[PDB]
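> Show me how the following folds:
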Amino acid sequence: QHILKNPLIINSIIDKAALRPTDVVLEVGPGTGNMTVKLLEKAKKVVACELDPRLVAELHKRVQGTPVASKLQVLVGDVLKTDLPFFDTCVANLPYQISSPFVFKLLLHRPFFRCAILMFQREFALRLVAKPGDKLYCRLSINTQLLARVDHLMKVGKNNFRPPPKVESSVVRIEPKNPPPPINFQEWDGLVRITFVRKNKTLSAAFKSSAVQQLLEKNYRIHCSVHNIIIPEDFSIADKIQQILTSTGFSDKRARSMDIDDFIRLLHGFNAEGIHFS
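Numbering: from 1, shown residues only. Sure, structure below:
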């Protein structure tokens, strides 16, 4: 993995974290411990989710003998699947291969944390903080922004890692929304996936897909059985989708232009007819 060598950058990440001396700090990807040792000087506890098991020997040996050692818990495993402890802030250097999943593991995690300071690849951070109509606005943008406040903090040159990556990196602060909106994020994501398949084409187009009609026909069958509704022998899911789309004015819009409130109105207009994306 790409270890962060630059003390200049590490020191800058740690102030952006703004550690209070009463905080549990989750560190994902402590590597050789370069940021771990500095975090331990300033935190009440440091929970380190090791990504490479081989590094764990020397990491514990590095802190061994200092008066901070009794604060370093180290969790060897698969961070995506492990249950996470209560932490107050999180700093983390993440590979792209787990970058999208980990962001939502953070945002769905309870109790809420205060903020996370995450190192990502360049383009990935720009998709997070991408506003509607931007070239890079995508499902990640609108999903992350529904649940969090995300801020692009600093660029980080690939010359600072050992061994260097091929792309520049960025540092990003993510503060969860607490309380989070009353949006059933399972359904929310289902709807947003369908409309971002082809984000420069219309929502009407987005629902003529067959995967879609299979998905919604399934869910609509459940609705009608739960509520003793009778599917008329001439019923068509596709026309129902198309009324809802027309009757909410969304039929000719494109997800590239759509902001969060727009999707809430879209979703409310589907759920109100018995259509769920589960």
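
> Would you check that residue 118 makes contact with residue 92?
Yes: counting by CB atoms under 8 Å, residue 92 is a contact partner of residue 118 at 5.0 Å. The way it works is simple: take the backbone N, C-alpha and C, and place the C-beta from them, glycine included.

> Looking at those two, which one has more neighbours?
Shown here are residue 118 and residue 92; by other CB atoms under 10 Å, residue 118 has more neighbours (26 against 22).

> pretty sure that one is in a helix, no?
No: counting by DSSP: H, G, I helix; E, B strand; the rest coil, residue 118 falls outside a helix, being strand.

> That one and residue 102: what is the separation?
Going from residue 118 to residue 102 by CB to CB, to the nearest Å gives 8 Å.

> Distance check, residue 113 against residue 25.
Per CB to CB, residue 113 is found 10 Å from residue 25.

> no, scratch that, I was asking about residue 77
Taken as CB to CB, the span from residue 77 to residue 25 is 18 Å.

> more crowded one of the two?
Counting neighbours by other CB under 10 Å for residue 77 and for residue 25 shows that residue 25 has the greater number, 27 against 12.

> Residue 11: which element?
For residue 11, the host element (DSSP states H and E) is helix 7-17.

> For residue 118 and residue 102, list the residues in contact with both.
Residues touching both residue 118 and residue 102 (CB atoms under 8 Å, 6 or more residues apart in numbering) are 92, 94.

> what ranges do the helices span in the stretch 151-278 of the chain?
For the stretch 151-278 of the chain, the helices defined by DSSP state H, counting those that start in this stretch occupy 185-196, 203-206, 210-226, 237-247, 260-271.

> okay, these in JSON lines with distance to residue 167 and mean neighbour count next?
Converted to JSON lines, these look like this (distance: least, CB to CB, whole Å; neighbours: other CB atoms under 10 Å):
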{"stretch": "helix 185-196", "distance to residue 167": "23", "mean neighbour count": "18"}
{"stretch": "helix 203-206", "distance to residue 167": "31", "mean neighbour count": "18"}
{"stretch": "helix 210-226", "distance to residue 167": "32", "mean neighbour count": "14"}
{"stretch": "helix 237-247", "distance to residue 167": "38", "mean neighbour count": "16"}
{"stretch": "helix 260-271", "distance to residue 167": "28", "mean neighbour count": "17"}
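
> As TSV, those helices with distance to residue 151 would be great.
What follows is those, written out as TSV (distance: least, CB to CB, whole Å):
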stretch	distance to residue 151
helix 185-196	21
helix 203-206	30
helix 210-226	34
helix 237-247	34
helix 260-271	17
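
> And these: which comes nearest residue 16?
The minimum distance between residue 16 and these falls on helix 260-271, with 25.7 Å, by CB to CB.

> Just give me how far the closest one sits from the chain centre.
Here helix 260-271 is found 21 Å from its chain centre; the criterion is CA atoms, centre = their mean, to the nearest Å.

> and it, what does it pack onto?
Counting contacts by 3 or more CB pairs under 8 Å, 6 or more residues apart in numbering; DSSP states H and E, helix 260-271 is packed against helix 139-147, helix 185-196, helix 237-247.

> will you turn those into a markdown table that also has distance to residue 268?
Formatted as a markdown table, the helices and strands packed on helix 260-271 follow (distance: least, CB to CB, whole Å):
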| stretch | distance to residue 268 |
| --- | --- |
| helix 139-147 | 14 |
| helix 185-196 | 11 |
| helix 237-247 | 10 |
